[PDB]
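Chemist: Below are the structure tokens for one structure; questions will follow.
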Amino acid sequence: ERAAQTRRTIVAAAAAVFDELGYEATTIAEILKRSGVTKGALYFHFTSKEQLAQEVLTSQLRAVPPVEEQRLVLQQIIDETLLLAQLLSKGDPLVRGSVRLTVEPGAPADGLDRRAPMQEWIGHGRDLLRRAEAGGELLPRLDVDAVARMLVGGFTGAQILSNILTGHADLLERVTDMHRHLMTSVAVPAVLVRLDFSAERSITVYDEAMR
Amino acid sequence: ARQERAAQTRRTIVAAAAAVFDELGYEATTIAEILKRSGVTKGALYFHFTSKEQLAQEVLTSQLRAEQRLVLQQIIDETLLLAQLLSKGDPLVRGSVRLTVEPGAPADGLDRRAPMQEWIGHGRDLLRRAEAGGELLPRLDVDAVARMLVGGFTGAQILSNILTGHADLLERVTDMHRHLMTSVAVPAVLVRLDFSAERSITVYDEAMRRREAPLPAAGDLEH
């Protein structure tokens, strides 16, 4: 049924409010004002501000539309990383609210599980790196879970600092520098030199995914 | 005499401000809560700081005040030190990581950008020293690099907090930094750099013999 599309317009409004106001200050009443749906629509879909937040939390993973497989698995990880930064940088609300809920110190013991969604995000990077590893794309002896944490951490640090220092104006550049310097110690040299970090391929991946 | 006494109560004001910024964040922190906790007079605080904001920036910039053969080993040493301090819950480093990462009140009255620029400048200065001694791979943009070093610590630190409450902090920072350094250092320098938890334990020990909880000079105590 296509009112599970109004589910999408509820998450968007909810993410935007979380982004502007943080978890504690955000209210269901505000989310209802902002989305313009009905109390009964809302609750059909989500029982609490809490489940609404858990939903918004998953967006740094689940809001990126899927990407196509590439001759190099590592290029698919680049494609996903840069697509996430394109969204962040265009102010996509799901991604924005996800960043804010993740990094913002909560009121102590707000009952919100930040760990499970960050585990799923890292789990997905670990899955791609496992296929790269079996493809011979990675330097030997690397730990695929340590590496996955590094890539997510690197994205997160570059993105936050870019916010602080330029309001996200240099975001793509920074995330690209971070990711490319990380790939230099993870990719075998023959693969490294065939990876494409360009802004051009990144807008193309963006456009093709929107649809 | 008067100056050493004033410097001591200065340090107490910075330490106490950090602990409060840690628990409460910038906006909810109050000069009044800081006086309450330090036991220092308003007069002494007004003399040392122009505002809550300059004080928050002073917390942010504190670890920048705290000889090697290789300049990049200085960068390693300072970064892993911060991880050991944060791991232990040192108030200065806790408060400055919170004020860094916190969403703008903007509307917030805290300019994070100025003291972050001082962190970047410090890294940048070190990286130019490293270049003068030949330690860097050729043609690097020293600013873009300092930004990547600082962004790598920040993102390692955050995920480490979310996934493990900082239990694996030092391992994540070290992995992040080792991998970044590998993309930045000439190999002959990279093999000689020391990333061990051993060396970092020693550096931290040494730093802790010098990080006494500051107490105010008695002339600046509230009665």
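As shown in the structure tokens, the chain order sets the letters A, B, ...; within each chain, residues go from 1, and ligands are also counted from 1 in the order they appear.
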Got a sec to pull out which chain A residues are within 9 Å of chain B, counting only C-alpha atoms, and send them as a PDB file with N, CA and C atoms, in the first residue's frame?
Modeler:
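Final output, saved to out_33.pdb:
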```pdb
ATOM      1  N   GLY A  22      17.978  18.526  18.266  1.00  0.00           N
ATOM      2  CA  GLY A  22      18.516  17.463  19.123  1.00  0.00           C
ATOM      3  C   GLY A  22      17.411  16.558  19.658  1.00  0.00           C
ATOM      4  N   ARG A 100      23.480  14.075  13.809  1.00  0.00           N
ATOM      5  CA  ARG A 100      23.267  14.754  15.056  1.00  0.00           C
ATOM      6  C   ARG A 100      22.936  13.822  16.197  1.00  0.00           C
ATOM      7  N   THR A 102      23.731  10.731  16.460  1.00  0.00           N
ATOM      8  CA  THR A 102      24.932   9.914  16.732  1.00  0.00           C
ATOM      9  C   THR A 102      25.940  10.622  17.624  1.00  0.00           C
ATOM     10  N   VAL A 103      26.319  11.836  17.245  1.00  0.00           N
ATOM     11  CA  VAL A 103      27.458  12.483  17.864  1.00  0.00           C
ATOM     12  C   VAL A 103      27.128  13.375  19.057  1.00  0.00           C
ATOM     13  N   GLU A 104      25.901  13.803  19.187  1.00  0.00           N
ATOM     14  CA  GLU A 104      25.557  14.746  20.195  1.00  0.00           C
ATOM     15  C   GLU A 104      25.390  14.043  21.495  1.00  0.00           C
ATOM     16  N   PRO A 105      26.102  14.506  22.493  1.00  0.00           N
ATOM     17  CA  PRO A 105      26.007  13.965  23.838  1.00  0.00           C
ATOM     18  C   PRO A 105      24.591  14.030  24.306  1.00  0.00           C
ATOM     19  N   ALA A 107      21.253  13.672  26.926  1.00  0.00           N
ATOM     20  CA  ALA A 107      20.947  13.814  28.311  1.00  0.00           C
ATOM     21  C   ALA A 107      21.398  12.444  28.788  1.00  0.00           C
ATOM     22  N   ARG A 114      22.506   3.815  20.444  1.00  0.00           N
ATOM     23  CA  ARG A 114      23.323   4.401  19.380  1.00  0.00           C
ATOM     24  C   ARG A 114      24.290   3.346  18.848  1.00  0.00           C
ATOM     25  N   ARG A 115      24.652   2.419  19.734  1.00  0.00           N
ATOM     26  CA  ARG A 115      25.523   1.301  19.471  1.00  0.00           C
ATOM     27  C   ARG A 115      25.022   0.345  18.336  1.00  0.00           C
ATOM     28  N   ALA A 116      23.784  -0.187  18.457  1.00  0.00           N
ATOM     29  CA  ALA A 116      23.224  -1.144  17.449  1.00  0.00           C
ATOM     30  C   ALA A 116      23.323  -0.575  16.013  1.00  0.00           C
ATOM     31  N   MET A 118      25.280   1.921  14.861  1.00  0.00           N
ATOM     32  CA  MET A 118      26.660   2.075  14.474  1.00  0.00           C
ATOM     33  C   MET A 118      27.289   0.690  14.162  1.00  0.00           C
ATOM     34  N   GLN A 119      26.927  -0.349  14.931  1.00  0.00           N
ATOM     35  CA  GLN A 119      27.354  -1.725  14.614  1.00  0.00           C
ATOM     36  C   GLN A 119      26.893  -2.174  13.219  1.00  0.00           C
ATOM     37  N   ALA A 146      38.929  -3.893  12.038  1.00  0.00           N
ATOM     38  CA  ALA A 146      39.703  -2.676  12.350  1.00  0.00           C
ATOM     39  C   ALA A 146      39.658  -1.672  11.183  1.00  0.00           C
ATOM     40  N   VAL A 147      39.809  -2.197   9.948  1.00  0.00           N
ATOM     41  CA  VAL A 147      39.771  -1.379   8.794  1.00  0.00           C
ATOM     42  C   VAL A 147      38.407  -0.687   8.630  1.00  0.00           C
ATOM     43  N   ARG A 149      36.144  -0.003  10.921  1.00  0.00           N
ATOM     44  CA  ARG A 149      36.098   1.083  11.909  1.00  0.00           C
ATOM     45  C   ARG A 149      36.872   2.326  11.539  1.00  0.00           C
ATOM     46  N   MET A 150      38.011   2.107  10.904  1.00  0.00           N
ATOM     47  CA  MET A 150      38.817   3.235  10.458  1.00  0.00           C
ATOM     48  C   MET A 150      38.095   4.047   9.382  1.00  0.00           C
ATOM     49  N   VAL A 152      34.851   4.304   8.768  1.00  0.00           N
ATOM     50  CA  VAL A 152      33.680   5.021   9.342  1.00  0.00           C
ATOM     51  C   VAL A 152      34.171   6.131  10.257  1.00  0.00           C
ATOM     52  N   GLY A 153      35.187   5.825  11.038  1.00  0.00           N
ATOM     53  CA  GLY A 153      35.710   6.862  11.913  1.00  0.00           C
ATOM     54  C   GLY A 153      36.278   8.008  11.086  1.00  0.00           C
ATOM     55  N   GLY A 154      36.912   7.681   9.955  1.00  0.00           N
ATOM     56  CA  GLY A 154      37.619   8.695   9.209  1.00  0.00           C
ATOM     57  C   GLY A 154      36.560   9.612   8.588  1.00  0.00           C
ATOM     58  N   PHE A 155      35.544   9.001   7.952  1.00  0.00           N
ATOM     59  CA  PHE A 155      34.408   9.779   7.472  1.00  0.00           C
ATOM     60  C   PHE A 155      33.825  10.724   8.556  1.00  0.00           C
ATOM     61  N   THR A 156      33.495  10.146   9.708  1.00  0.00           N
ATOM     62  CA  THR A 156      32.912  10.894  10.805  1.00  0.00           C
ATOM     63  C   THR A 156      33.834  12.059  11.269  1.00  0.00           C
ATOM     64  N   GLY A 157      35.133  11.789  11.454  1.00  0.00           N
ATOM     65  CA  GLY A 157      36.021  12.869  11.962  1.00  0.00           C
ATOM     66  C   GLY A 157      36.127  14.014  10.911  1.00  0.00           C
ATOM     67  N   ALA A 158      36.277  13.646   9.629  1.00  0.00           N
ATOM     68  CA  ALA A 158      36.501  14.606   8.582  1.00  0.00           C
ATOM     69  C   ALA A 158      35.224  15.500   8.450  1.00  0.00           C
ATOM     70  N   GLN A 159      34.088  14.881   8.535  1.00  0.00           N
ATOM     71  CA  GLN A 159      32.826  15.509   8.394  1.00  0.00           C
ATOM     72  C   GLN A 159      32.527  16.525   9.541  1.00  0.00           C
ATOM     73  N   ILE A 160      32.806  16.131  10.772  1.00  0.00           N
ATOM     74  CA  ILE A 160      32.632  16.984  11.936  1.00  0.00           C
ATOM     75  C   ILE A 160      33.573  18.175  11.911  1.00  0.00           C
ATOM     76  N   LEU A 161      34.869  17.924  11.678  1.00  0.00           N
ATOM     77  CA  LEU A 161      35.847  18.994  11.546  1.00  0.00           C
ATOM     78  C   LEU A 161      35.545  19.981  10.377  1.00  0.00           C
ATOM     79  N   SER A 162      35.010  19.466   9.284  1.00  0.00           N
ATOM     80  CA  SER A 162      34.644  20.268   8.159  1.00  0.00           C
ATOM     81  C   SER A 162      33.479  21.196   8.526  1.00  0.00           C
ATOM     82  N   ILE A 164      32.886  22.306  11.652  1.00  0.00           N
ATOM     83  CA  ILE A 164      33.497  23.290  12.559  1.00  0.00           C
ATOM     84  C   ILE A 164      34.250  24.401  11.804  1.00  0.00           C
ATOM     85  N   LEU A 165      35.052  24.003  10.814  1.00  0.00           N
ATOM     86  CA  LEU A 165      36.017  24.884  10.196  1.00  0.00           C
ATOM     87  C   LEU A 165      35.480  25.604   8.991  1.00  0.00           C
ATOM     88  N   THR A 166      34.487  25.030   8.311  1.00  0.00           N
ATOM     89  CA  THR A 166      33.976  25.662   7.086  1.00  0.00           C
ATOM     90  C   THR A 166      32.487  25.531   6.914  1.00  0.00           C
ATOM     91  N   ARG A 174      37.429  17.035   2.042  1.00  0.00           N
ATOM     92  CA  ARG A 174      38.019  16.491   3.251  1.00  0.00           C
ATOM     93  C   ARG A 174      37.820  15.003   3.426  1.00  0.00           C
ATOM     94  N   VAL A 175      36.576  14.602   3.216  1.00  0.00           N
ATOM     95  CA  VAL A 175      36.218  13.176   3.219  1.00  0.00           C
ATOM     96  C   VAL A 175      37.043  12.428   2.130  1.00  0.00           C
ATOM     97  N   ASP A 177      40.042  13.332   0.939  1.00  0.00           N
ATOM     98  CA  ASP A 177      41.430  13.276   1.364  1.00  0.00           C
ATOM     99  C   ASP A 177      41.508  12.168   2.372  1.00  0.00           C
ATOM    100  N   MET A 178      40.543  12.132   3.297  1.00  0.00           N
ATOM    101  CA  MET A 178      40.622  11.149   4.419  1.00  0.00           C
ATOM    102  C   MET A 178      40.578   9.688   3.853  1.00  0.00           C
ATOM    103  N   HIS A 181      43.721   8.790   1.664  1.00  0.00           N
ATOM    104  CA  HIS A 181      44.903   8.519   2.454  1.00  0.00           C
ATOM    105  C   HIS A 181      44.752   7.181   3.202  1.00  0.00           C
ATOM    106  N   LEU A 182      43.554   6.878   3.718  1.00  0.00           N
ATOM    107  CA  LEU A 182      43.281   5.560   4.289  1.00  0.00           C
ATOM    108  C   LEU A 182      43.468   4.388   3.256  1.00  0.00           C
ATOM    109  N   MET A 183      42.918   4.505   2.058  1.00  0.00           N
ATOM    110  CA  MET A 183      43.105   3.509   1.004  1.00  0.00           C
ATOM    111  C   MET A 183      44.558   3.243   0.692  1.00  0.00           C
ATOM    112  N   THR A 184      45.410   4.272   0.782  1.00  0.00           N
ATOM    113  CA  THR A 184      46.851   4.091   0.543  1.00  0.00           C
ATOM    114  C   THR A 184      47.501   3.038   1.439  1.00  0.00           C
ATOM    115  N   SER A 185      46.966   2.806   2.657  1.00  0.00           N
ATOM    116  CA  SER A 185      47.552   1.751   3.545  1.00  0.00           C
ATOM    117  C   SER A 185      46.718   0.526   3.638  1.00  0.00           C
ATOM    118  N   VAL A 186      45.800   0.342   2.720  1.00  0.00           N
ATOM    119  CA  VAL A 186      44.912  -0.779   2.787  1.00  0.00           C
ATOM    120  C   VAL A 186      44.872  -1.507   1.426  1.00  0.00           C
TER     121      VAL A 186
END
```
Chemist: Residues near range 202-207 of chain A, anyone? I mean within 10 Å using only C-alpha atoms, not counting same-chain ones fewer than 2 positions away, as a list in words.
Modeler: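 Result of the neighbour search: residues 64, 65, 67, 68, 78, 79, 80, 81, 82, 83, 84, 85, 86, 87, 172, 196, 197, 198, 199, 200, 209, 210 and 211 of chain A.
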Chemist: Could you please take those selected residues and save N, CA, C and O atoms as an mmCIF file, in the first residue's frame?
Modeler:
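File written: result34.cif
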```
data_model
loop_
_atom_site.group_PDB
_atom_site.id
_atom_site.type_symbol
_atom_site.label_atom_id
_atom_site.label_comp_id
_atom_site.auth_asym_id
_atom_site.auth_seq_id
_atom_site.Cartn_x
_atom_site.Cartn_y
_atom_site.Cartn_z
ATOM 1 N N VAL A 64 21.359 5.879 2.230
ATOM 2 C CA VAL A 64 22.154 5.799 0.993
ATOM 3 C C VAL A 64 21.417 4.782 0.081
ATOM 4 O O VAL A 64 21.222 3.629 0.499
ATOM 5 N N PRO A 65 20.972 5.198 -1.137
ATOM 6 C CA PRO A 65 20.365 4.165 -2.015
ATOM 7 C C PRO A 65 21.440 3.150 -2.499
ATOM 8 O O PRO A 65 22.647 3.493 -2.519
ATOM 9 N N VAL A 67 24.137 0.895 -4.442
ATOM 10 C CA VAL A 67 25.068 1.333 -5.458
ATOM 11 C C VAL A 67 25.390 0.137 -6.331
ATOM 12 O O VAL A 67 25.269 -0.980 -5.877
ATOM 13 N N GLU A 68 25.792 0.311 -7.575
ATOM 14 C CA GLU A 68 26.138 -0.907 -8.303
ATOM 15 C C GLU A 68 27.551 -1.491 -7.991
ATOM 16 O O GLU A 68 28.490 -0.773 -7.613
ATOM 17 N N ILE A 78 34.373 3.306 -2.044
ATOM 18 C CA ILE A 78 34.558 4.703 -2.349
ATOM 19 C C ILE A 78 33.240 5.328 -2.787
ATOM 20 O O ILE A 78 32.868 6.357 -2.275
ATOM 21 N N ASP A 79 32.561 4.699 -3.771
ATOM 22 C CA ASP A 79 31.251 5.164 -4.257
ATOM 23 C C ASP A 79 30.241 5.417 -3.143
ATOM 24 O O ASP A 79 29.556 6.442 -3.155
ATOM 25 N N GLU A 80 30.163 4.504 -2.183
ATOM 26 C CA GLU A 80 29.238 4.681 -1.063
ATOM 27 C C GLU A 80 29.672 5.816 -0.139
ATOM 28 O O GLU A 80 28.835 6.600 0.284
ATOM 29 N N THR A 81 30.968 5.902 0.156
ATOM 30 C CA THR A 81 31.472 6.931 1.039
ATOM 31 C C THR A 81 31.186 8.333 0.477
ATOM 32 O O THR A 81 30.591 9.185 1.143
ATOM 33 N N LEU A 82 31.551 8.534 -0.773
ATOM 34 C CA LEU A 82 31.352 9.814 -1.391
ATOM 35 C C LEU A 82 29.867 10.133 -1.587
ATOM 36 O O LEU A 82 29.447 11.316 -1.433
ATOM 37 N N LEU A 83 29.052 9.110 -1.874
ATOM 38 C CA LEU A 83 27.619 9.373 -1.956
ATOM 39 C C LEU A 83 27.060 9.878 -0.610
ATOM 40 O O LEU A 83 26.226 10.775 -0.577
ATOM 41 N N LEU A 84 27.505 9.283 0.502
ATOM 42 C CA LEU A 84 27.079 9.696 1.801
ATOM 43 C C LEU A 84 27.509 11.165 1.979
ATOM 44 O O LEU A 84 26.705 11.996 2.434
ATOM 45 N N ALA A 85 28.765 11.497 1.621
ATOM 46 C CA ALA A 85 29.177 12.871 1.766
ATOM 47 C C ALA A 85 28.353 13.838 0.880
ATOM 48 O O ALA A 85 28.073 14.962 1.317
ATOM 49 N N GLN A 86 28.029 13.447 -0.358
ATOM 50 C CA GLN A 86 27.127 14.252 -1.217
ATOM 51 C C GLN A 86 25.777 14.536 -0.515
ATOM 52 O O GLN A 86 25.263 15.662 -0.532
ATOM 53 N N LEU A 87 25.198 13.516 0.089
ATOM 54 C CA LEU A 87 23.959 13.729 0.833
ATOM 55 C C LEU A 87 24.157 14.699 2.016
ATOM 56 O O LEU A 87 23.460 15.705 2.134
ATOM 57 N N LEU A 172 33.384 17.479 0.829
ATOM 58 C CA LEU A 172 33.823 16.506 -0.147
ATOM 59 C C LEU A 172 35.318 16.424 -0.232
ATOM 60 O O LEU A 172 35.909 15.359 -0.156
ATOM 61 N N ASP A 196 39.083 5.476 -8.321
ATOM 62 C CA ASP A 196 38.696 6.824 -8.837
ATOM 63 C C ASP A 196 38.065 7.584 -7.686
ATOM 64 O O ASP A 196 36.995 7.209 -7.222
ATOM 65 N N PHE A 197 38.744 8.618 -7.202
ATOM 66 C CA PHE A 197 38.222 9.482 -6.146
ATOM 67 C C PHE A 197 37.680 10.787 -6.635
ATOM 68 O O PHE A 197 37.530 11.679 -5.836
ATOM 69 N N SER A 198 37.407 10.920 -7.917
ATOM 70 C CA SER A 198 37.067 12.224 -8.501
ATOM 71 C C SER A 198 35.686 12.685 -8.113
ATOM 72 O O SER A 198 34.760 11.878 -7.904
ATOM 73 N N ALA A 199 35.521 14.009 -8.137
ATOM 74 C CA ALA A 199 34.250 14.634 -7.856
ATOM 75 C C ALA A 199 33.316 14.305 -9.042
ATOM 76 O O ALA A 199 32.105 14.058 -8.863
ATOM 77 N N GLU A 200 33.891 14.233 -10.246
ATOM 78 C CA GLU A 200 33.084 13.896 -11.385
ATOM 79 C C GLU A 200 32.388 12.527 -11.224
ATOM 80 O O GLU A 200 31.152 12.390 -11.455
ATOM 81 N N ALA A 209 21.946 7.193 -8.783
ATOM 82 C CA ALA A 209 21.266 6.610 -7.637
ATOM 83 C C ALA A 209 19.915 7.297 -7.342
ATOM 84 O O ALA A 209 19.041 6.655 -6.752
ATOM 85 N N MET A 210 19.778 8.564 -7.685
ATOM 86 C CA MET A 210 18.544 9.269 -7.433
ATOM 87 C C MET A 210 17.599 8.858 -8.528
ATOM 88 O O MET A 210 17.644 9.356 -9.642
ATOM 89 N N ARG A 211 16.737 7.928 -8.196
ATOM 90 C CA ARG A 211 15.885 7.385 -9.194
ATOM 91 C C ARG A 211 15.559 5.949 -8.836
ATOM 92 O O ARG A 211 14.935 5.693 -7.806
#
```
Chemist: Do you have the CA of residue 77 in chain A-CA of residue 151 in chain A distance handy?
Modeler: 9.4 Å
Chemist: How many Å lie between CA of residue 122 in chain A and CA of residue 60 in chain A, rounded to one decimal?
Modeler: 10.6 Å
Chemist: At a cut-off of 12 Å, using only C-alpha atoms, what residues contact residue 140 in chain B? Leave out same-chain residues fewer than 2 positions from it and give the result as a PyMOL selection string.
Modeler: (chain A and resi 177+181) or (chain B and resi 124+127-128+130-131+135-138+142-146+183-186)
Chemist: For residue 29 in chain B, which residue out of B:71, B:86, B:217, B:16 is the nearest one, using only C-alpha atoms?
Modeler: B:16
Chemist: Please provide the set of residues having any atom within 12 Å of range 67-69 of chain B, restricted to only C-alpha atoms, with same-chain residues fewer than 6 positions apart removed, written as a PyMOL selection string.
Modeler: chain B and resi 75-77+129-130+133+135+189+192-194
Chemist: Could you state the separation of CA of residue 73 in chain B and CA of residue 139 in chain A in Å, given to one decimal place?
Modeler: 24.6 Å
Chemist: Mind checking which residues fall within 8 Å of residue 112 in chain A, counting only C-alpha atoms, ignoring those fewer than 4 positions away in the same chain, and posting them as a list in words?
Modeler: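 My reading of the contact set: residues 50, 53 and 54 of chain A.
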Chemist: I want to know what sits within 9 Å of residue 57 in chain B, based on only C-alpha atoms, with residues of the same chain fewer than 2 positions away left out; could you give that as a ChimeraX atom specification?
Modeler: /B:52-55,59-62,96,99,110-112,114-115
Chemist: Would you list, as a PyMOL selection string, the residues of range 111-200 of chain B that end up in helix (DSSP H, G or I) under DSSP run on this structure's backbone?
Modeler: chain B and resi 113-132+142-164+169-182+187-190+197-200
Chemist: Can you pull out the residues contacting residue 137 in chain A? Cut-off 6 Å, using only C-alpha atoms, and skip same-chain residues under 4 positions away; I want them as a list in words.
Modeler: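 Final neighbour list, sorted by chain and number: residues 132, 133, 187 and 188 of chain A.
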Chemist: Write the residues of the preceding selection, restricted to N, CA and C atoms, as an mmCIF file, in the first residue's frame.
Modeler:
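Output below, filename selection14.cif:
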```
data_model
loop_
_atom_site.group_PDB
_atom_site.id
_atom_site.type_symbol
_atom_site.label_atom_id
_atom_site.label_comp_id
_atom_site.auth_asym_id
_atom_site.auth_seq_id
_atom_site.Cartn_x
_atom_site.Cartn_y
_atom_site.Cartn_z
ATOM 1 N N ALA A 132 36.311 -7.594 -0.940
ATOM 2 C CA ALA A 132 37.609 -7.072 -1.413
ATOM 3 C C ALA A 132 38.761 -7.982 -1.025
ATOM 4 N N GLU A 133 38.760 -8.467 0.214
ATOM 5 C CA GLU A 133 39.842 -9.312 0.730
ATOM 6 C C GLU A 133 39.937 -10.602 -0.075
ATOM 7 N N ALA A 187 45.008 -0.765 0.314
ATOM 8 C CA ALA A 187 44.859 -1.356 -1.019
ATOM 9 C C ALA A 187 46.217 -1.812 -1.527
ATOM 10 N N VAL A 188 46.260 -2.987 -2.189
ATOM 11 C CA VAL A 188 47.456 -3.389 -2.940
ATOM 12 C C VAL A 188 47.766 -2.343 -4.049
#
```
